[PDB]
Every structure is written in structure tokens, then in C-alpha cells.
Amino acid sequence: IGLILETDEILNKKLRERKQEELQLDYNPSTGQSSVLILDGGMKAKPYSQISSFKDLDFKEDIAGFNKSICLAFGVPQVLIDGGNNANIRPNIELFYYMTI
Amino acid sequence: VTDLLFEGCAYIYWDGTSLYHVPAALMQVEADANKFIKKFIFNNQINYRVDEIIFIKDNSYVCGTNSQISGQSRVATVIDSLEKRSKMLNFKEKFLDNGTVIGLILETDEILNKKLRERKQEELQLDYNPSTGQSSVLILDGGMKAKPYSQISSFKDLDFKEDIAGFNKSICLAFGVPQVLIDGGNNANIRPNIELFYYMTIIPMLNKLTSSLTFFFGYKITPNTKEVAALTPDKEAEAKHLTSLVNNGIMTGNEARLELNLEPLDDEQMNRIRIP
Amino acid sequence: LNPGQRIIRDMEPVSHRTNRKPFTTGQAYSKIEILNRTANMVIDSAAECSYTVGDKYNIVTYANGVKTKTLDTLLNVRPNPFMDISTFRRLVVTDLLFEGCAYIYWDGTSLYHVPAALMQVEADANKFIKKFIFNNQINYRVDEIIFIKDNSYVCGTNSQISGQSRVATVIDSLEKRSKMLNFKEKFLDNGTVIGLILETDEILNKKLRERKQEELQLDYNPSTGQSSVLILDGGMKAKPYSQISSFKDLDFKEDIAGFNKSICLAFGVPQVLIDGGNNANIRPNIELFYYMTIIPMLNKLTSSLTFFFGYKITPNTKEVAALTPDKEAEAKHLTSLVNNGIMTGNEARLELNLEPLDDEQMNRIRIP
Amino acid sequence: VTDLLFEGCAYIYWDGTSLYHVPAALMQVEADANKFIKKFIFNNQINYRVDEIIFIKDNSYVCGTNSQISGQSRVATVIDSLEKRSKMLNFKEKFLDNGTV
Amino acid sequence: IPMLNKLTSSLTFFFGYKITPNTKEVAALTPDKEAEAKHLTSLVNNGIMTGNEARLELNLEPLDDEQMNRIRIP
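Residue numbers (the working numbering), protein chains in the order written: chain E, 1039 to 1139; chain G, 767 to 1042; chain V, 33 to 400; chain P, -9 to 91; chain Z, 2 to 75.
In C-alpha cells form, the structure reads like this:
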């Protein structure tokens, strides 16, 4: 939601819908220029907040754990999934070959 | 290689003295009851005899049966991720076009002449912005109230960055190309990673192909990398390797010339071991 | 021949283009910096590889019987009486990259670039290709064209004949990035910056109110004026307010960086070449860029020329000043091979670009 | 080098035993129907014969056509940014003079 | 160097001579006095390069003593 406006009056539905589309196209900087808004006749702007946010879906470590489990069940080092430095890479191939295969 | 990667199979006709690629999407393999394969069917419209096709297949475990005959597509496992990532990217864009950016809210219980109200809005908008205009203090009279507000949903909460990075890693991993090749790193990173990519990913594919050709022709057949400019070893190490083996009488001179791509030289001594 | 050909022919009887959006692509290349730079780096780097002409295979071919010295002069020196070698190469590489195909006419003793956007390929029912159609207005015979194509997987068919455009995959990102940048600008011009709000229930003489606003504005700013305390009387109230939407929430920086990486990746140029790094970074990265990206392209081209002429043909990098090896290592390599009697002296002179010296010993191996 | 960088083209006359720079902003190239280039036109007011000019051009991809003859300016791609930066800097200054303390 | 290669390739097309740019006048590039001496000395003593070729690369006039234009084998 971008904005909430509120009244105790009853408003003509067709004109209300038109007004919503005018505000939406005018205020966005991509579409339109206008930015100040003047309310009259008692329309009130209602403050609100994002009651549930994408920020709380910090899955990132849990899925990483599952990837490690899968990678571990076969027994392939992560350096082979990434590629690292020389000192990492050349011994890890021998690790993978000798221990697993 | 396109057919082998995307479909998971490849077929080649042979015609005495010709090899022809045959599109893998149109072939079909029919199992024999006694031998391995009875015939190959193309587009349901022609049957190739078994001794006239060279057949290659990737691994296959299907519907809970380990599968002879069939081949798993490699690329088929990646599409799920390409969809989700595209969705996020489109959402990331479209939130901006659906956006709504307010600078100020003014409010009254009176009713105001609409045409003059619109003019006043345009005057305030052009005057207050520093780019357009100078004025900055605002004096309200007759009871217009300034209403405090807040951005009820913000772009800050679209921290997609790690999730899309995960999807890129998945795609990059399905082919099996190290990220150092997508970035470029330091020397110690870069030079071994090329050998990692070549030996682990490509050489098993070519071993599948060459083992099928050695089965068909019966010759020993195997791939040579040493034409590849990417792999070609360092001019320093190779010289000390070859020199030390040559002087200690393990390897003849012309064998070294050959390994350096040079024509053998017919001086007999060049095909002699030197003991000391 | 191939019994299936009559069927394959019907799967794709005529080529079709893949560089849709040609106009917006030409706009992008003409207007967006990172595309222009990366494309120019690729074209200008590939154009300066020399070609070496090798031995001749005995098999028969189309371009029969051409003497090696002529072919060498055409490839290395002068493609035709009217156009240089560098312009010819850059045109061919431009077509190969942008459209995904390249075509070259041959006319006894001339090679001419033919624009890839106007050619079309018609499949034969028995052989590979029947004829090439230019602008629907002239047909070239098959043994008079050299044809190159990039990979192609189209509409769920692996595609002979056709070629995928490389650049076509990048436009989606160039649009989105431009949108963000324009939004990033325009939010500033749509902005609104208030310094103070004063309020009354009385009604005030408009002309005097405007004068008072201009007096306060000029007086209070430290650049213009001195005064800083403010005394309000008669009931003017100062209304507290807050910035209801702030520039701080436009933290675009990583998203646009992602799009730059995508563009940079589509050509396959390492970021170290866009930045410049340390020596250990920089010197290997040039070899990475050359060998992985450019040399496969030139191998596509040279394999098509060896098919057409029948000579062995392959590209030589050793003219390239960027690649040319370190003066120290090369000397110890060559010296050690020469003294240990693996390589003759004149072979080393040759590798150092020096003319062979006719002293017989210079063409002898020295054993000790 | 100035002409080659800024305009994207450079032209040099030759006169037996003289080379003269010819300003790239005033030259124009006319395509031949059989050969490469028919003649060079200077300021619409003199035509140079083809064997009397040395011609250099940077890369060119224009209006969706890969372009012979023409050359892309290098510097032309930079102006968009120089404007925006200047705007920010001016705003950064003027906020201080519009200030109120 | 790509810019100058564009220019020189146009001049070689026009005149027909081989034409190419030399950097070695550029004071910025000019190599380190230590490395260059060991490079040149080692190539000269091992009989790959004649003496006057080294003088030339050091911007020195060739010296007319015949031996200076001879290879020394050992």
C-alpha cells in the first residue's frame, strides 16, 4: 500500500475510483510530477505500518545447512564446489579421490 | 555436444566413409529381447539398423528405475531456479513503478475552490524544490493543518541480494564452472582453476564419447588436450623437466622435440640415450 | 548420404533471425557506456590476431588449387582491392557477435564481407545447404560462400543453420538499469524541502504574509543573514513535522552493480580488466580473457576456412603486444633448450623474430 | 588525436610532399556504388578525390546497423553523467544558502 | 596502442610500407637499468646476439670492430 485516506462521509463510488487512479498516476515520479497533496472537506490521512516484512525471512543459513548436508552425504569437499586457491585445490582432489572413491 | 548436454543423448550415423550428426530430439531407442538394442527409430518414420549408429548417453535414473537406454538431460534441472529469479527481478522493478512518493500533506475541514486548490498545489511544488525555486519557510493560515505521515512501506525491506546470489550459484554449479572463472581472481586462483574445470567437467564427457567410438571402431581412441592454448604449460617448467630427463639418459632427444611439437631430427645421436 | 535428411529439412527449412529488437540494440550500443566499452574491447582485441597458414591436406574442396602465397596475402595483408584487412576483420567479428552469423563471398581472388542481417540460409533435402538468399533478391551458390555460425538452440529444437545472437540476451538488463537510474535522478526534481512550518487560525493579509516569508527566509539562513532566535506572538504556532519520505531509502547500489556484472559477464571479460588490480591479478587475467573468450571464436572461423580452402589454418597470437611474454623467462627457456642440444640456434632466432643466420653451425645440434 | 577521439574520425590530405590535417567536423564521406568510397566532401564546398585522403575511423554501430564509413565519438557517451554530477554539486552548495539556522 | 595501430594500419594501407609505432623513446615506459643489463649481457655472452645489436638497443652507435659483429660461441 502506498497511502490510506479516510472519511466518515459516503462518496460516489465511480468518482472515488477515478480519484484513486488520478492520485496513483500523478504522484509516482516515473509517471508524474506532482508531490504535495492538499486534503479538504475532512479526508484524513491514516498512518500505518508494514505489519509483516520480508526482512524476517532470513532463511540464508538454514538452506546453507541443507546444502552442506547434501554435499556431505556424497563426501565431496566444498572447495570442489567453489574452487579456491591452489594450496586448497590441488590437495582437495587427492582427498576426494582417495577417501571417497 | 549441444545434443549431449541439452537432450542427454547423441546419435551419429555412419555411411562407409561419412559421419553425420542425427538430431537427438527425434531419435528413439527400442530395446531388444535378447541383445542390447534392436533398432533406432527416427521420427517414427525411418528405422536405423544397430550397426549403423554410434550412440552416447548420459546417466539416467528415472521413475525409481535405474535406466539403461535413456539419458537424463543436464539443463532440465535448472529451469526451476531461472523462473524464481526472474520473478524476483520483475518484482524488484515493478515495485518502483507502483511506488508512491509524497512530499507534504495539508488538511482542512473547510471546502475549497477546486481550481484554486490545484493552482496552489502547483505553486507550492515548483517553489519549494531547491532545483526549481528559492522559498523554504511555509506559513499556513485560516486553519490548514500539516499532517505528519510516514513511509508505510519502504524499498529498504527488499534485500533480495543474497537470494538471487544463491540462484546464480545454483546455475553456475549445474554446469560445474568455478566462480573464479566468472570473476577472475589472483594468479594462484586462476591458473589451477582452469585445470580444475577442464579435468573434472569436460574430460569425463569426452571419455564417454571416446569410449563409445573405441567400442564402435575398435581402435584405441582418446582425447588430446595439448593443442588447447588455455592449458599449455609454462615455458619455464617444461624446459627443466625435459632437459633433466634428456641429460640423465631417460628420454631420447627426438622424443623431446616431439613433445615440443618439433619435427624429429634425423641425426642418429638424437635417437640415442646418453648415459652420463 | 543421410536418409533422415529429407525429414530434418522439414524441421527448419529456412533460417530465421535471432537478433530481435535491432533498433533498441543500436540505441543501447550508441548510448550505454558499459556495452560500448566491452564490445569495443572484444572487437578491437580479436581483430589483431595474425593468421598462420600451415600444410595442405590432400582432400578436394571448393576453393581448389589456390597457391599458399596468395591465400596468405589475402588473409594477412589485403582481402580485396578496396578494403583494408582491419576493417574487414572488424566487420566480420561485428556480424558474428551481434547477429550470430557471418558470410563471406569469394570471387577467384577476392573475399568480400556480406552483411549478415540480409542473408538467409535455405536447407537442402539431401546435402547440407541448398543456396544462400540475399535480401530475397539474389541467390549465392553454395561453393561461393564461407559461412560461420555461433551455437543455436531455438524453440526447443537444437538448430542447424541458424545462429544465436550473443548481445540479444543482454537488453533485458540494460532497460531495468536505465529505469533505476532515471528514477534515482527524478526523485530529486520531484523532491520537496521545507525548512519551517508556522500556523494560525486567524486569517492574514496575503501580501504581507508573503513579504514576511521572504524576510524570514533571507534572514535566518547563515549564508544570507545573521539572525537565529525567533519570537512568535499573537498565537502563531510552530508545527513539528518530519521528512515523510527520504533519499536514504534509495539504496540502489548493489542492484545496479548486479546489472553491471551481468553485462560484463555476457561478453566474458574479467572485472580485473575493468578495474586494474595488482600485478599477480593483471598479468594472468589477460591470458584468461584471450584464451577463453577470443580463441574459441577464432577457432570457429579458422575451422571454417580450413574446411573451405583445405589448408591447415590457425591463428597466431605472438604478434599481440599484450600477450608477448616476459623478456627474462623466454631467454632462460630458449638458452637452456639450445645449450642442451634439443633445439637448433636458428629455431631460437626465429622464435625471437630474428632472421636465420646462414652459418651452418647455427643449424646444428650441440650435444654437450 | 583530438579529432579521432572527439569526433570519432580523422582525415589527412596529401600533396606530393605534404600531409595536412583536415578538420573532421567539416568532412563528409560519400559511398561508392561499386568501390568502397566515391569522394570526400568538405563543408559541401570542395570534393577531395579518394586517392588524396588518408581516412581513419573508430568503431561504429548506429541505429541498429553496423556502420561502415561512420565513426562513433568516444566522448559523446560521457555527457549524461557530467550533467547529473554537476546538478548534485550545485544542490549540495545551494542547500547551504537556502538554509535557516 | 590499439589507437596507434588503427592509424598505422591506415598509413601502411596508403603508402604500402610497413609502418608501426615505437614506444622505446617514451621515458615513462623505459625499462629498469638493472634488468635490461642482465638480459642483454646473458644473450650476448651465450652467442645468441651480436654486440652491436646490444649497442643499438642501448641507443649506442655500432662500433666498427669486426668482432663486435661476431657471435661468440662459448
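Virtual Cβ for every residue (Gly too), placed ideally from N, Cα, C.
Check                                                                                                                                                                                  : Outcome
Using the DSSP secondary-structure output, state which residues sit across from G/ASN813 in a beta bridge.                                                                             : G/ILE807
Alpha carbon to alpha carbon, what distance is there between V/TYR89 and G/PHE926?                                                                                                     : 57 Å
Might you give, ordered along the chain, the residues of its own chain that have their beta carbon closer than 8 Å to the beta carbon of G/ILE803, omitting 5 neighbours on each side? : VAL795, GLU796, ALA797, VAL816, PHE821, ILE835
CB-CB under 8 Å to G/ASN959, same chain, minus the five flanking residues each way: which ones, in chain order?                                                                        : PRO944, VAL946, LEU947, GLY951
Would you call the region 176 to 191 of chain V and the region 49 to 64 of chain P in contact, with 3 or more CB pairs under 8 Å?                                                      : no
Following the continuous alpha helix (DSSP H) through V/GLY86, name the residue where it begins and the one where it ends.                                                             : That residue, V/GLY86, is in no alpha helix (DSSP H); its beta strand (DSSP E) goes 82 to 88.
Output, in chain order, the set of chain V residues within a Cβ distance shorter than 7 Å of E/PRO1067.                                                                                : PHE215, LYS218, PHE219, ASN222
DSSP puts V/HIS48 in a beta bridge; with which residues?                                                                                                                               : For V/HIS48, which the question treats as bridged, DSSP gives no partner whatsoever.
Smallest Cα separation from G/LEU939: which of G/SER784, G/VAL841, G/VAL767?                                                                                                           : G/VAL841
Take V/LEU150 as the anchor and find which of V/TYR172, V/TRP138, V/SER142, V/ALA157 has the nearest alpha-carbon.                                                                     : V/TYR172
Quick one, which of V/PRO111, V/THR126, V/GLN196 has its alpha-carbon nearest V/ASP139's?                                                                                              : V/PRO111
Would you mind telling me which residues of chain Z sit closer than 9 Å to P/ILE69, beta carbon to beta carbon, in chain order?                                                        : Here the premise fails: no neighbours, minimum Cβ distance about 21 Å.
Which two residues bound the contiguous beta strand (DSSP E) that contains V/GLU207?                                                                                                   : Run containing V/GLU207: none in the beta strand (DSSP E); it sits in the alpha helix (DSSP H), 203 to 221.
What are the boundary residues of the alpha helix (DSSP H) that includes V/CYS296?                                                                                                     : 285 to 299
If we ignore side chains and look at the alpha-carbon of each, how far apart do V/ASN292 and G/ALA776 end up?                                                                          : 37 Å
With DSSP run on the structure shown, which of helix, strand or coil describes G/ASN973?                                                                                               : helix
Could you tell me whether the Cβ of E/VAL1074 comes closer than 8 Å to any Cβ of chain V?                                                                                              : yes
Go ahead and pull the three-state DSSP assignment for E/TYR1086.                                                                                                                       : coil
Tell me whether V/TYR137 sits in a helix, a strand or coil according to DSSP, three-state version.                                                                                     : strand
Report yes if the C-beta distance between E/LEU1041 and G/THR866 is below 8 Å; otherwise report no.                                                                                    : yes
Using the DSSP secondary-structure output, state which residues sit across from E/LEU1075 in a beta bridge.                                                                            : G/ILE871
Name the chain E residues whose beta carbon is nearer than 9 Å to that of G/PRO970?                                                                                                    : Within 9 Å Cβ-Cβ: nothing; G/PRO970 doesn't reach chain E, min ~13 Å.
Quick one: list the residues of chain E neighbouring G/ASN959, beta-carbon separation under 8 Å, in chain order.                                                                       : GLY1121, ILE1127
Cβ atoms of Z/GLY52 and Z/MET69: under 8 Å apart, would you say?                                                                                                                       : yes
Mind listing the chain V neighbours of Z/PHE14? Cutoff is C-beta to C-beta under 7 Å, in chain order.                                                                                  : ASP116
Which residue wins for smallest C-alpha separation from G/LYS886, given the options E/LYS1093, E/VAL1074, E/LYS1082?                                                                   : E/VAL1074
Entirely within the region 950 to 1019 of chain G and at least 4 residues each: give me those alpha helix (DSSP H) ranges in chain order.                                              : 953 to 962, 969 to 983, 1001 to 1013
Is the shortest distance between the beta-carbon of P/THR(-8) and the beta-carbons of chain V less than 8 Å?                                                                           : no
Anything in chain P within Cβ reach of Z/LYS7, meaning under 7 Å, just list it in chain order.                                                                                         : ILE46
Strictly under 8 Å for the Cβ-Cβ distance: is V/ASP76 near chain Z by that measure?                                                                                                    : yes
Would you check if there are 3 or more beta carbon pairs closer than 8 Å linking the region 76 to 87 of chain V to the region 116 to 126 of chain V?                                   : yes
Tell me whether E/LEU1063 is buried or exposed, calling it buried when 16 or more other Cβ atoms sit within 10 Å of its Cβ.                                                            : exposed
Whole angstroms is fine: what's the gap from V/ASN222's alpha carbon to V/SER210's?                                                                                                    : 18 Å
Sorted by chain position, which residues of the same chain lie with C-beta nearer than 6 Å to V/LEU123's C-beta, five sequence neighbours on each side aside?                          : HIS145
What's the gap between the Cα of V/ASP87 and the Cα of V/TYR343?                                                                                                                       : 6 Å
Rounded to the nearest angstrom, what separates V/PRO357 and G/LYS1001 at their Cα positions?                                                                                          : 10 Å
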